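What follows is one chain in structure tokens, specifically the form deposited in one PDB entry.
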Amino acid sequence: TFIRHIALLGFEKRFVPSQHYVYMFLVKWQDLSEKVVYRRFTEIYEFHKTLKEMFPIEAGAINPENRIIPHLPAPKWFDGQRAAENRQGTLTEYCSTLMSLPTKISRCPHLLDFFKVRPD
């Protein structure tokens, strides 16, 4: 099983434990099956850091010119107003580049596992 496509659908406000935002991703799997999953920016950023660590060549850690993994701004750079809308635009681009990568990365178990529906 693998993912064919990820579309960023939007965000929603949540309030427990306190006010934050969750980004909604429409995940289409190999069998045309379709699921919406909900992730915080910080969780996505931790996912991205690990992805870079797993793929140093494609991360640009050896020759920076061979980098193909997309850039993702750290949380700190989304300061005040419009943080949700700002991060939404950034993630839409991040997701399309991510899914355009060679299958070595775009189907790695780290990615598949991040975007699988979480337990109730």
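Throughout, rigid core stands for the largest set of C-alpha atoms superposing within 1.5 Å between the two forms. Numbers follow the displayed sequence, beginning with 1. Residues that one form lacks are left out of the comparison.
Separately, the form deposited in another entry exists; it is not shown, and the next lines address it.
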Would you mind telling me which residue of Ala61, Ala83, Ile68, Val37 shifts its Cα by 2 Å or more between the shown form and the other one when the core is superposed? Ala83
Having a change of 3 Å or more in the C-alpha distance between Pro70 and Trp77, I'd like to know whether it is closer or farther in that other deposited form than in the form here. farther
Classify the change in Cα distance between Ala61 and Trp77 in that other deposited form as closer or farther, relative to the shown form (magnitude of 3 Å or more). farther
Note: conformational shift between the shown form and the other one, core-aligned, Cα at least 2 Å, runs of three or more in sequence order, located at 16-18, 76-86
